[PDB]
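Let's start with one chain on its own, the form deposited in one PDB entry, as structure tokens.
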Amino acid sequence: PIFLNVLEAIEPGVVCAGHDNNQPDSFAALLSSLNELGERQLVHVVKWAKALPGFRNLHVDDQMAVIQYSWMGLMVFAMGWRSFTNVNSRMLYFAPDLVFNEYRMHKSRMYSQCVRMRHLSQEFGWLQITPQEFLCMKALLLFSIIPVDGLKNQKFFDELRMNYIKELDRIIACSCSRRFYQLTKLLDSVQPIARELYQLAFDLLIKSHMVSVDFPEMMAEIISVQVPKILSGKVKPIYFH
């Protein structure tokens, strides 16, 4: 169980958004706290990724690129699990101090995306996803979006991605065929959700100075430098099906 030992050991702990819950639920306050949460979680995503088995086998530029393309999907998948285990999926548990009810879903102007995120959360229940399955699936999400022109050493990436697929297969194996199909269909469903959120993030950054929404340093950098490569089709998800 070496692989699962590692995934459990490096899983990030609780991250708070810093949200002042006694101010009114305005669009600007809610989106500014979500952006701050993203900035805080990005720190943990980087430290988590660098500690994954085999990750340092990747070229150093590929390491940062893969994090900078997959972070939305990783963060939404993890938030979906938090929601399933904490509020049982009619609310979104972005953080202990940033829990979206239906009112916040509307005031954030993200209601339809939150609905889809809620559906993703509920699938952990409908499919009875185990903690071990969640951990392996989340790791695989780091290796599920790349440039169409390929990475700087694509061969090492393809080997590492293969090995994470094998680990998922082992965790299921420890019926199997139906399970693997279910989990890979679930993984595929993350990318379209992440794409819609990437679109929202980009549009909000462009008009941020006018809706009074503050973007932290690394969020502003990644949404203006890397996210447009996804939105323009230069960086694309790897789907199973």
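So that there is no doubt, residue numbering starts at 1 and follows the sequence shown.
Per the record, residue 174 and residue 175 are separated by 4 to 9 deposited residues that have no coordinates. Looking at 31-39 and 207-215 together, the entry lists the larger mean B-factor for 207-215, computed on C-alpha atoms. The PDB entry records a higher mean C-alpha B factor for 84-92 than for its counterpart among 84-92 and 101-109.
Between the residues 114, 145, 74, 127, it is 127 that shows the highest Cα B-factor in the PDB record. Remark: residue 184 belongs to the middle third of its chain, ranked by C-alpha B-factor as recorded. In this PDB entry, the Cα temperature factor of residue 12 sits in the middle third of its chain's modelled residues. Among all modelled residues in its chain, residue 191 ranks in the middle third by Cα B-factor. Ranked by C-alpha B-factor against the other modelled residues of its chain, residue 23 falls in the highest third.
The deposited CA B-factor of residue 66 belongs to the middle third of values across its chain.
The following text describes the form solved in complex with a partner chain, which does not appear among the structures shown.
Proximity to its partner chain in the bound PDB entry, taken as a non-hydrogen atom within 4.5 angstroms, holds for one residue of 52, 30, 42, 194, which is 42. Between the options 34, 190, 204, 67, the residue in contact with its partner chain in the bound PDB entry by a heavy atom within 4.5 angstroms is 67.
The stretch that touches its partner chain in the bound PDB entry, counting heavy atoms within 4.5 Å, is 42-50, out of 180-188, 206-214, 42-50, 22-30. For the candidate spot formed by 60, 63 and 218, every residue has a non-hydrogen atom within 4.5 angstroms of its partner chain in the bound PDB entry.
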